[PDB]
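Okay, structure first, notes after.
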Amino acid sequence: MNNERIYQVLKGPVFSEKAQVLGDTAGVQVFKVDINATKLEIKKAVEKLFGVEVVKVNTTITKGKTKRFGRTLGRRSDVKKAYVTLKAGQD
Amino acid sequence: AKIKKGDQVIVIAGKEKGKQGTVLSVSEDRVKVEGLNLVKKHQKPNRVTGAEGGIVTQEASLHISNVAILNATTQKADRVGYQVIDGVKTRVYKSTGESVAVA
Amino acid sequence: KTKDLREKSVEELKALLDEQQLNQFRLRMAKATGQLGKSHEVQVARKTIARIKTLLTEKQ
Amino acid sequence: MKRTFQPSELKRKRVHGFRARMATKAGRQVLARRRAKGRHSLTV
Amino acid sequence: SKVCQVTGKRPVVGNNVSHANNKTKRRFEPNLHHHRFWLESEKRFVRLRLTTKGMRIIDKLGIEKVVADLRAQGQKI
RNA sequence: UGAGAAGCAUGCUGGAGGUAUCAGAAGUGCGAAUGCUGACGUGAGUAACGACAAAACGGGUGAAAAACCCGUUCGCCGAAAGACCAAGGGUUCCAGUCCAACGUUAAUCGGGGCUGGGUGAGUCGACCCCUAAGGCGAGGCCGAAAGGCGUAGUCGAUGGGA
RNA sequence: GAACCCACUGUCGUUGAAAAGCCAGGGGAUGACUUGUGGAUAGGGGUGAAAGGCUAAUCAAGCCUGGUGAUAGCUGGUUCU
RNA sequence: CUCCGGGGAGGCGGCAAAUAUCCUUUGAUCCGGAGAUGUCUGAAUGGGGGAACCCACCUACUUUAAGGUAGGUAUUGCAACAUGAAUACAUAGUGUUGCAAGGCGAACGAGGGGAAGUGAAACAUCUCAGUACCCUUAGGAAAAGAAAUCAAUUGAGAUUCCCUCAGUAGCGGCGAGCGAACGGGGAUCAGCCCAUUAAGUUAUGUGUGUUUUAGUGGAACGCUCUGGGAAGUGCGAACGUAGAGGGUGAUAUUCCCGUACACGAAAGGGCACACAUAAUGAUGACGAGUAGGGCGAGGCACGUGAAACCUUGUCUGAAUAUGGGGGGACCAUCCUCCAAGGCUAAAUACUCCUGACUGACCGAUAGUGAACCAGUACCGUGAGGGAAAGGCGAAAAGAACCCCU
């Protein structure tokens, strides 16, 4: 795989109550990822760019909301979230 | 012809006609001169930035055509022209032809 | 930076491209974490990557 | 009481769909008229 | 299509005119039929869709010349 | 002021255009066409506030409580007024905050406004393999043109396949 | 005789809860039965156990656009002195 | 994003104003020219498909796990090559390579098909009308074009368009209606070829002129009065190859942008002409299923009428310069021309677009449906139908603070 795509697979971490509880109690990291990323791609990117070993990856897609600002109607973009479970105690 | 940011000018039109000052900024066709065209602005308090609201005095922009370059020698309103001296294009006074004062 | 990049060879340009892409990812991580105060760095990195790509295409 | 419109997406797109319009000469003319008039939505 | 290969004749449009001068649209069609002709140069039968005028032209000029002319025109036979 | 269509002067309002005379050209005078567009009357504070079971009291919050929250009683459905799937809808889902508009009354409440959050698959479904009705269809047959039918084939679940 | 499919009588409603309904009775209910999904038939045409019935709340010839500003010896209207 | 040229104090696009970072005289923003990158659908072309989706194969470099990268894989037509039935040579068929086409878009051209309302005070001949509409296809224009043509004082000389001739001569249920030509005056002006191969056209390359894609300089007003504000009053002054237009707190040749004028191009593009090659004209060498005729239709202003002339669906069918076509039934004389093979510019038709300029055209119920986030909201299964909505103030200086709630 190309490092160019490796460096773009991961967008940013997720901060929320569910993510905090999961990280604290099970060592699961929640990431915002590219809409077109695969589980294997995310696994490889996490291992390469964080020096940790991944056991399993779970993914889900949430559709963007339709908002009304003034008289204009718009839609936000879809988001993909990855749950990555690490081995034993890591990170 | 151009009135530059740091020039000294004299107001020829409006309620401030007959007063001189230093330009602070030029944008579009509006220029602000230090200590001229003041307004009383009523400012509402802002929670995030504090700075309890109060009455504040600040300069209001004037149309560019209402001010003119001030000539040091005669202390009189004048007009600006362009002349190529040596290898540099330079501003001059149309009244005397001397190069515009640099400040 | 364009003049400095021009003198470099293809190998050096490609190595710097990889380094800058890694730096861009790290800057994104930092901004997501919210620990970075200055934001012009991301734009600098993106434009540097574009410049390196243009120079590589020109040379090759 | 049952009314005229009983929706079904598969039938709707199989009858009035983009490829259905492209499949025939008259449908292509319908698309041309809608493009000339400037419709934001050409087909269902 | 009802097109003669030798002469290019095709159905044309005209009028039925009645005794009271009522007019109606009509078509005049050619006397078109399929015919097999022997060709010695190629040692085979060639099937052509043509008219009786085309048959007269073939009788006048010979099968070889007409076939050559059609091939030159672009017909595949 | 004049016989009329109308003219003239001036108080108030308004804040930047107007135009004599003589010629010239017209989208040149509205009460009606069950005329067209918008605004507003009368009926009149009149009719009505939409199944099948019904409500009562104490406390809480609040500017305001018959309708919200907690509690004690009463009544109603219980082969549908319960639980679920496909189709269809698309955020209506959860939490915080607000009551101008909506909710056939009020509203602290809401499927209403604003901010955030939420869907996790080798075993569930789709995709995928296979075909029915039928669609399209290289060549091919036919037809003024457009085109029609159809072979090999290729699609097509409402069915078969861990 | 229930579910399911129908619509024979009467009351109510007729600016309705409803542009065809409710309530009390009524008929079929293993069959020429009922029903889901997906297909075929297109306007002088289709389909019809046949009422000129149905063909998107429209049918003795659907709807939309064009000929088109059709024609009307008919009715109405036609503005200052 | 890169490079070239312009320019010199600001700038980080708008609804939509703000703070914050920020970039800039080692030259930013911005303007002109040339390059780099350019996801998916859509003729869509690797197969499929409910457009923006699903699935697959081959080659080459990397790779160690189940990947990446760069390409290629549609159909039809033509050409070369290879392979190859019934069938013995063959032929059909099959395959590889190379080239070309498909689609979209305003009007104008050309061609294939082709109505009805209406008028005739009914209506069928006729009219509407070769109009509306469907289909095929080219160019910057198309088409036509150089006499087997007109004329008749025995003359004129290829096509195309305008004014006359003339509402004339004629056609017509001789109704309603339709409606020429000869001759004259203008616009433009041009002829050249059939296999010893012409004019003309197209693509590439070179040179001489010309015009465009940013830009630079550019004259000359003071006092006084009313006023919130002067460009308005009164007094005098200056420039003018410049007193066009717009703006500035009310009406400005001398306040700003400009105006006449002068000047300007690194790079790229258009046009005229000269020259060097490619193709083209061009499967064509004097015109036989031809001209003419019988039958049924269509077109010519002309409805079969005394119907001359052109096209042909069908049946026939010559002479060939000692020859043949036309001059309005037809015969003789006379006059005129040479069909059955081609190419060709200008005058002519139009505007989706580009730059400049104009209006006894409209000024928010007007003018485009649309001055405003409009072919949107909204209605309908769908083709389709289709609105309303401009104005604070010169400058936000857009009301600090107090009171009722």
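First the proteins, then the strands, lettered A, B, ... as listed; each starts at 1. Excluded from the calculations below are hydrogen atoms, water molecules and symmetry mates; all remaining heavy atoms, backbone and side chain alike, are included.
- Stacking status of F/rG103 with F/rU104: not stacked, per the base-ring test of centres under 5.5 Å and planes under 30°.
- Remark: the C/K53 side chain and the H/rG38 base include no donor-acceptor N/O pair separated by less than 3.5 Å.
- The shortest distance between the side-chain N/O atoms of A/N58 and the OP1/OP2 oxygens of F/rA121 is below 4.0 Å.
- Across all strands, B/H63 comes closer than 4.0 Å only to sugar-phosphate atoms, never to a base (heavy-atom distances).
- Nucleotide H/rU311 has H/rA297 as its partner under the Watson-Crick or G-U criteria, with both atom distances under 3.5 Å.
- Under the Watson-Crick or G-U wobble criterion, with both distances below 3.5 Å, H/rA276 is paired with H/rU204.
- Across every strand in view, F/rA152 sits unpaired, with no contact that passes the Watson-Crick or G-U test at under 3.5 angstrom.
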**Request:** Start with the C-alpha gap between E/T51 and E/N31, add the side-chain angles, then the distance that decides, and say whether side-chain hydrogen bond (donor to acceptor under 3.5 Å, both in side chains) holds.
**Result:** CA-CA 5 Å; E/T51 62; E/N31 208 3; over 6 Å; no
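- Pairing between F/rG71 and F/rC57: present (Watson-Crick or G-U wobble, both distances under 3.5 Å).
- For the atom pair C/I52 CD1 and C/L5 CG, the distance stands at 5.0 Å (nearest 0.5 Å).
- In this structure, of H/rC1, H/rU314, H/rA9, it is H/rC1 that holds the atom nearest to the side chain of C/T54.
- In this structure, the CZ atom of D/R33 is 11 Å from the P atom of G/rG66, given to the nearest Å.
- The residue E/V13 sits close only to the backbone: its heavy atoms come under 4.0 Å of sugar-phosphate atoms, none of a base.
- Remark: C/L16 CG to C/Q21 CD distance equals 10.0 Å, nearest 0.5 Å.
- Between H/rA86 and H/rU208 there is no base pair of the Watson-Crick or G-U wobble kind with both of its two distances under 3.5 Å.
- Judged on ring centres (limit 5.5 Å) and ring planes (limit 30°), F/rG111 and F/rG112 do not form a stacked step.
- Nucleotides H/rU83 and H/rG93 are base-paired: the Watson-Crick or wobble atom pairs both lie closer than 3.5 Å.
- Here E/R10 lies in heavy-atom contact (under 4.0 Å) with sugar-phosphate atoms only.
- With both distances required under 3.5 Å, F/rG41 does not pair with F/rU104 in Watson-Crick or G-U wobble fashion.
- Pair check for H/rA152 finds none; no Watson-Crick or G-U wobble contact set falls under 3.5 Å.
- For the adjacent pair H/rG303 and H/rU304, the base rings do not count as stacked by a centre distance under 5.5 Å and plane angle under 30°.
- With a glycosidic angle further than 90° from 0, H/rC255 counts as anti.
- Taking side-chain N and O atoms only, B/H42 has a distance below 4.0 Å to OP1 or OP2 of H/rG398.
- Contact annotation for A/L40: backbone-only contact, meaning every heavy-atom pair under 4.0 Å involves sugar-phosphate atoms and none involves a base.
- The same atom, P, is picked in H/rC302 and in H/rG105; the two are 40 Å apart, to the nearest Å.
- Evaluation of atom-type donor-acceptor distances gives no pair under 3.5 Å for the side chain of E/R26 against the base of H/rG298.
- Evaluation of the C1'-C2'-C3'-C4' torsion of F/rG90 gives a negative value and hence a south sugar.
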I'd like a list of close polar pairs between nucleotides 38-48 of chain G and the protein, N/O only, cut-off under 3.5 Å.
{"residue": "G/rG38", "atom": "OP1", "partner": "D/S8", "partner atom": "OG", "Å": "3.2"}
{"residue": "G/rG38", "atom": "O3'", "partner": "D/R14", "partner atom": "NH1", "Å": "3.3"}
{"residue": "G/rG39", "atom": "OP1", "partner": "D/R14", "partner atom": "NH1", "Å": "3.0"}

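- Residue side chain E/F28 fails the stacking definition with respect to H/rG313, as its ring centre and the base's six-membered ring centre are not both under 5.5 angstrom apart and under 30 degrees in plane angle.
- If you check every strand for non-hydrogen atoms under 4.0 Å, B/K5 touches sugar and phosphate atoms only.
- When heavy atoms are screened at a 4.0 angstrom cut-off, E/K43 is found touching no nucleic acid atom at all.
- Look at H/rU304: its glycosidic torsion is within 90° of 0, and that puts it in the syn range.
- In terms of polar N and O atoms assigned as donor or acceptor, the side chain of A/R68 never comes within less than 3.5 Å of the base of F/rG112 in a complementary pairing.
- The gap from the P atom of H/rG186 to that of H/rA203 amounts to 41 Å, rounded to the nearest Å.
- The gap from the P atom of H/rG13 to that of H/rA17 amounts to 11 Å, rounded to the nearest Å.
- Pairing partner, H/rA79: H/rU97, with both Watson-Crick or wobble hydrogen-bond distances short of 3.5 Å.
- Within 4.0 Å of B/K4, counting heavy atoms only, lie sugar-phosphate atoms of the nucleic acid but no base atom.
- Contacts of E/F28 classified as ring pair (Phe, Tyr, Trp, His ring centres under 6.0 Å), with partners at least two apart in sequence or in another chain: none.
- The base of G/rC59 engages G/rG43 as a Watson-Crick or G-U wobble partner, both distances under 3.5 Å.
- If you check H/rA267 against H/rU213, you find a Watson-Crick or G-U wobble pair, both contacts below 3.5 Å.
- Applying the 3.5 Å cutoff to both bonds, H/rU216 and H/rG317 do not register as a Watson-Crick or G-U wobble pair.
- Counting non-hydrogen atoms under 4.0 angstrom, A/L22 reaches a base of the nucleic acid.
- C/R51 comes within 4.0 angstrom of sugar-phosphate atoms only, judged by non-hydrogen atoms across all strands, and of no base.
- Nucleotides H/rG217 and H/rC261 satisfy the base-pair criterion: a Watson-Crick or G-U wobble arrangement whose two donor-acceptor distances both fall under 3.5 Å.
- In this structure, D/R12 reaches the sugar-phosphate backbone alone: every heavy-atom distance under 4.0 Å involves primed, P, OP1 or OP2 atoms, never a base.
- One finds a side-chain N or O of A/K81 lying less than 4.0 angstrom from the OP1 or OP2 phosphate oxygen of F/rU119.
- Using a 4.0 Å heavy-atom distance criterion, E/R71 is classed as making no nucleic acid contact.
- The 5' end of RNA chain F is approached more closely, in terms of each residue's nearest nucleotide, by A/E17 than by the other of D/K25 and A/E17.
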Detail all sub-3.5 Å separations between protein N/O atoms and N/O atoms belonging to nucleotides 133-143 of chain F.
{"residue": "F/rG143", "atom": "OP1", "partner": "E/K2", "partner atom": "NZ", "Å": "2.4"}
{"residue": "F/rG143", "atom": "OP1", "partner": "E/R49", "partner atom": "NH2", "Å": "3.3"}
{"residue": "F/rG143", "atom": "OP2", "partner": "E/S1", "partner atom": "N", "Å": "3.3"}
{"residue": "F/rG143", "atom": "OP2", "partner": "E/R49", "partner atom": "NH1", "Å": "3.0"}
{"residue": "F/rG143", "atom": "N7", "partner": "E/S1", "partner atom": "OG", "Å": "3.3"}

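- Residue A/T62 is the one, among A/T62 and E/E29, whose nearest nucleotide of RNA chain F lies closer to the 5' end (criterion: closest heavy atom).
- Judged by Watson-Crick or G-U wobble contacts below 3.5 Å, the nucleotide H/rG32 has H/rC4 as its partner.
- Searching all strands for a Watson-Crick or G-U wobble partner of H/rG232 with both distances below 3.5 Å returns H/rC225.
- A Watson-Crick or G-U wobble pair links H/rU136 with H/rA110, each of its two atom distances being under 3.5 Å.
- Contact of B/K89 with H/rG217 (side chain to base): no donor-acceptor pair of N or O atoms is detected under 3.5 Å.
- Classification of the E/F45-E/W38 ring pair by plane angle, with boundaries at 30° and 60°, yields perpendicular.
- Residues F/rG75 and F/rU123 show neither Watson-Crick nor G-U wobble pairing with both defining distances under 3.5 Å.
- Stacking between H/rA291 and H/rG292 holds, as the six-membered ring centres sit under 5.5 Å apart and the ring planes differ by under 30°.
- Under 4.0 angstrom from either OP1 or OP2 of H/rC1 there lies no side-chain N or O belonging to C/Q43.
- Nucleotide G/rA40 forms no Watson-Crick or G-U wobble pair with any nucleotide shown, as no partner meets the under 3.5 Å limit on both distances.
- Spacing of P atoms, H/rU131 relative to H/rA110, comes out at 11 Å, to the nearest Å.
- Here H/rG281 and H/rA282 show stacked bases; the six-membered rings are centred less than 5.5 angstrom apart and their planes meet at under 30°.
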